[PDB]
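Survey of secondary and tertiary structure
One-letter residues, chain by chain:
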Amino acid sequence: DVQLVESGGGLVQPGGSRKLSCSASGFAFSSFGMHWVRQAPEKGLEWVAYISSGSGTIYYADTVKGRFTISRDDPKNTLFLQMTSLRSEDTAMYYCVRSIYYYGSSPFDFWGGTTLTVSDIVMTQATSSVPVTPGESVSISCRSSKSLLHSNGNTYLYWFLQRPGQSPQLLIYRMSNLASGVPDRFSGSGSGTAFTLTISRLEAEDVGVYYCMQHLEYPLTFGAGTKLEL
Amino acid sequence: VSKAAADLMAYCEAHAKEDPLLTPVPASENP
Amino acid sequence: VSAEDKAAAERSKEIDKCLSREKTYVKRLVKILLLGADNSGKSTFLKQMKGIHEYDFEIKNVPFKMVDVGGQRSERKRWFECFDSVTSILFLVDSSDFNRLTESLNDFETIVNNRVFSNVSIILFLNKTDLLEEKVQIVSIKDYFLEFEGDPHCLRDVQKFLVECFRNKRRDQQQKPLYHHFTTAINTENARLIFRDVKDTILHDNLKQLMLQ
Amino acid sequence: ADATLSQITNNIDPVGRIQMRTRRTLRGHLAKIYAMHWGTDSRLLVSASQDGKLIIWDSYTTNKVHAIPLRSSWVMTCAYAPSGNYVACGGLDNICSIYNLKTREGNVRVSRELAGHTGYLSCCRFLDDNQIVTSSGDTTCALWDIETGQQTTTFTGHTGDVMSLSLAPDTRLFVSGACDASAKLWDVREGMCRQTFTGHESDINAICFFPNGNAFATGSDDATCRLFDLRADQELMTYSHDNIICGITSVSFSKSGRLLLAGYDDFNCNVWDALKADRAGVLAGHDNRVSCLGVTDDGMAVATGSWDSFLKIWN
Amino acid sequence: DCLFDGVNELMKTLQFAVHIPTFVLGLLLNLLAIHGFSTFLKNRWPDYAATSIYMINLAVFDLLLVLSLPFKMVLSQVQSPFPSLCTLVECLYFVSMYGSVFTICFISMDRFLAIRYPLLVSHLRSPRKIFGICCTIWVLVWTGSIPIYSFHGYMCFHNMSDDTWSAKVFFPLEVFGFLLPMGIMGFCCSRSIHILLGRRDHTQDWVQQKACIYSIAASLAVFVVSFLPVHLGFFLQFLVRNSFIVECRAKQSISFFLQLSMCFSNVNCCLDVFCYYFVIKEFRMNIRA
Ligand SMILES: CCCCCCCCCCCCCCCC(=O)OC[C@@H](O)COP(=O)(O)O[C@@H]1[C@H](O)[C@H](O)[C@@H](O)[C@H](O)[C@H]1O
Ligand SMILES: *[C@@H]1O[C@H](CO)[C@@H](O)[C@H](O)[C@H]1NC(C)=O
């Protein structure tokens, strides 16, 4: 089974350096690009860095540019993130995210979990929380600055869900396709500049924080967290 | 034999509108 | 070309690099197709050194692949066209055998006279030659071959007559050379002969490529 | 027989010359190309090369999405599942390999290894996600379910080796050509032959179904193609030329059936007009004998595969 | 004193009698050889492209020499008021000659390499290496040729300077234009012939290569009859320019021999079409239809 396990975190004094490691057991790590996505306490997700399958193309975030290094060890099946000159704003909950890019592929599916504490398309959801009684379809809306519709017919919008105390999991990839192992109640639709998420039924499993992300260009910007709860 | 040939011609004429190879597709519409 | 199409292009580049990394091996590979008979001793010859078998080995830093199609071989040209790229065709026969000589000669004539293998050299092996002298001493040659001329009890004459009869089945001589060998069932020097014949075939190919004539 | 097809079609205007150009060329294989199949999305195609390789491409952008090594190098056919999850292959190893492309591991592994055919596999075409129809050189065809792998029904009656197999649009009947200069129409649900046709004088190398499912054109090694009708139970028309003295390796029909594409052994392909029984186009650009030829589902592009280790997309 | 009026009076008419039909035949012969082999570069590339490269190189060197012939023909009797036309004609003449020589030597070397090690050259043999080798042949010929004719100049191909016939400029010419190429030709032909004749024990079918054991035996022959007397005359003339041979009735004979050998070496541009281009069966079927 797929299993990404991250370690190397802890408490770091300001201005220090550290290394975060991630084992990638249970799948072909050589054919999957890897992303680092952190989450500040009581905040949303923000992309950090990305490395391709062949370690040819490497991308960073403007906040961590020139400060963070991302490396891949294919023979050992491991991902490394080296951080230096840390600041108090680096406290987050880092996650290693799988990806793979071909025709019909579904990137950003499997995540992990690790904790680190230190002593551009605009995507946001204005609705902080949407309380709703179970039994009726619930709609979640996410706003974007540019248009995610591409000349080839692709709309790079990603719908993820994070349950309390858990890790985010991919609900919908490319704004119209559901990830494997998901209930059929979830659906997604929308225009080039507007998108919507529909949930047919609500259960104890469906309560959580919903996030919207764009993959049109780097850096990948997340939306706001819609707290769907009963 | 004649009925089969007539049916073949009728089917060919009915679906002759949607043959991208028969009618040169415009470059903008060309995949 | 979006941010995800660039990654797909990079993956395609990696795949193409992987394919091109092994393009030297396919050129360096030397293919020999085995077309022996049941009584020829093909199994013993293979053990010394439709079930399709492939034996891959290395001789003098040269990769050799022997394709054994024993059990079922079709006469359709589509089946035979799959082996038009092999370097050599090895034909194994039983020299000591008497009644099977005509059938093996017919098989050799059918194999050689096909246009599919016009660019493939033919190697001939005559196994179990240690019993050939005893067989020719017990029973002469002229009895089983009216056209034979010479001493029926001379081993060299018998070998020469067999070689001539085998080579007479070649309708065309200009295409590729035809070779021959005489080995027993216990010797372990057939690999050197195979390598020498492969080198001779390669030299002939280079001569034809050089357009020296 | 009362009126010939040519007599009725004489009133139809000729199509005229059609020029089809190579939009993109697919390269990367290291040996001869023996088969290809068009995916249901009309963008993904799978091809088999005698270096023991299977490649699934992106025909729109010439992008290599999948590259699968094969256990046996001597492979003669390949197939694509209608749903797009599995790919079939077969050859001289008398085994049909089904590969699954949607593994959670991220790679492609062989889903199943069907065995039971005495001779080499000469054609495999998927019926659904859990069924497949195969033909072998042991002069018989078979129906397999990939859930268990047992021969649900074995179709026997062919004298020579079966060469090509095509399935009807309704996936209820099919037709197979063999080396006995005859073509047999078999029923999947029933399991015995109903119609047999003998018009050719040599080995039939390819067969395909008309889009309406009531006729089929087949080519042989006598450099002629012949069209037969199921209801008429007789030969309809022969497409041949005096300048053509090479056998036909593959055939394919257009969406409307007006243009029939046939690959020959003279380093090129022909595009005949089925109704007018006259040559209409020539596909040239291959420096070797063309093996496989396929018309896409949408009818836009046509893919050709030859012995020059190159695949050409035409439109 | 020594007067060379008689030898020149004879050699002018000798050139006018021998060189005109030599140029006339060689022009058409090379214009047929080039077009004949240009077909193999458009329809038989993967097989004969590697050979056609240096074949066409040799053909174009022969054509350059053939085209330079009528200009020395014109300027062997009259003087044109130009100090650059003679230099250009001399440079083209000698560059074409010693380029054809090097091309023939490289052809022999390539044959010997393709024969002695067939498996090694079954992989490392592409027209890119041969294109680079032809390019370096042109480059080497030009750099070794220009600093010689830059110190030549009353007439054209007559009365060379006293530094053209010096040891430092004649010994390199003899060494790099006759000795080494002749030794390489001899080795690469004798070894190749012995190897091709030793195929009898490998396979009785050696008779299938009968013609292959004669074409090289022609290459080792028409090379001597068109390059040995010329360099012998060069050595003799160099001997008689640094106070070694001084006598009448002898220097005249040496001048006659050198001029006649240089006039007869120019039929090698016509004998190379029979040596190399005509012994190929495919060429014969291509140019005859
Ligand atoms: C590095 C190697 C390759 C590089 C490219 C090739 C470069 C060198 C090419 C060769 C040049 C060799 C020198 C010139 C030879 C030549 O062409 O020589 C004319 C002969 O004719 C000799 O005659 P020359 O020395 O000129 O003078 C007599 C009167 O010509 C005559 O008329 C009179 O009768 C006589 O007594 C002499 O006075
Ligand atoms: C060669 O030129 C020199 C230098 O001008 C001259 O002295 C000599 O007489 C000439 N020899 C001839 C024309 O034979």
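Residues numbered from 1 in each chain as written, not as in the entry; some residues may be left out. Chains lettered and ligands numbered in written order. Heavy atoms only, no water.

For this deposited structure, the header cites cryo-EM as the method used and 2.87 Å as the resolution.

A word on the overall build of chain B. When helices and strands are counted, chain B shows one helix and zero strands. Each principal axis of the C-alpha atoms in chain B carries an extent, and together these give about 40 × 10 × 10 Å. Relative to its 31 residues, chain B shows a buried fraction of 39%. (Helix = DSSP H or I, 4+ residues; strand = E, 2+ residues; numbered from the N terminus. Buried < 20%, exposed > 50% of the residue type's maximum accessible area, 1.4 Å probe, protein only.)

A few words on the overall build of chain C. When its secondary structure is counted, chain C shows eight helices and five strands. Its helices and strands in sequence order give chain C the pattern α-α-β-α-β-β-α-β-α-β-α-α-α, from N to C terminus. Taking 2.2 N^0.38 as the reference for a compact globule, 213 residues should give roughly 17 Å; the C-alpha atoms of chain C span a radius of gyration of 22 Å, well beyond that estimate. The burial tally for chain C puts 50% of its 213 residues in the buried class. (Rg over C-alpha atoms; globule rule 2.2 N^0.38 Å.)

Note: disulfide means a covalent bond formed between the sulfur atoms of two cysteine side chains. Residue and element names in this part refer to chain A. This structure, assessed with the given rule, holds two disulfides over all chains. Residue pairing for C142: its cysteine sulfur links by disulfide to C212, the two sulfurs lying 2.0 Å apart. Given an S-S torsion of about 70°, the disulfide between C142 and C212 has right-handed geometry. Within this pair, whereas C142 is found in strand β12 (residues 138-144), its partner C212 is found in strand β18 (residues 208-214), the two being separated by 70 residues in sequence. (Disulfide = S-S within 2.5 Å.)

In this section: the site of ligand 1. Residues and elements named next belong to chain E. Near ligand 1 you find 20 residues, and of these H158, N159, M160, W165 and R241 are the closest. Residue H158 places a side-chain N or O atom 2.7 Å away from an oxygen atom belonging to ligand 1. Between an oxygen atom of ligand 1 and a side-chain N or O atom of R241, the distance comes to 2.8 Å. Within the complex, 89% of the 880 Å² of free accessible area of ligand 1 lies under protein. (Near = heavy atom within 4 Å. Polar contact = N/O pair within 3.5 Å; in protein donor to acceptor, adjacent residues only side chain to side chain. Areas by Shrake-Rupley, 256 points an atom, 1.4 Å probe, with all protein chains shown as cover.)

The subject of this paragraph is the sheet that holds strand β16 (residues 186-190) of chain A. Residues and elements named next belong to chain A. One open sheet accounts for four strands, arranged β11-β12-β17-β16; its pairing is antiparallel. Only two strands of the sheet have a single neighbouring strand rather than two, namely β11 (123-124) and β16. Sheet topology note: the β11/β12 ladder contains two bridges and is antiparallel. In the strand pairing of β12, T124 is matched with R143. (Pairing = 2+ DSSP bridges.)

A few words now on the interface of chain C and chain E. With 25 residues of chain C at the contact, the number on the chain E side is 32 residues. Together chain C and chain E conceal approximately 2,800 Å² of surface at their shared face, both sides included; 59% is due to carbon and sulfur atoms. It is C:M211, C:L212 and C:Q213 that lose the most area in chain C upon contact with chain E, and together they represent 29% of the buried surface on that side. Summed over the shared surface of chain C and chain E, the result is three salt bridges. Among the ionic pairs, C:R170 bridges to E:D205, the shortest N-O distance being 2.7 Å. (Contact = heavy atoms within 4.5 Å. Buried area = accessible area lost by both parts, 1.4 Å probe. Salt bridge = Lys/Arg side-chain N within 4 Å of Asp/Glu carboxyl O.)

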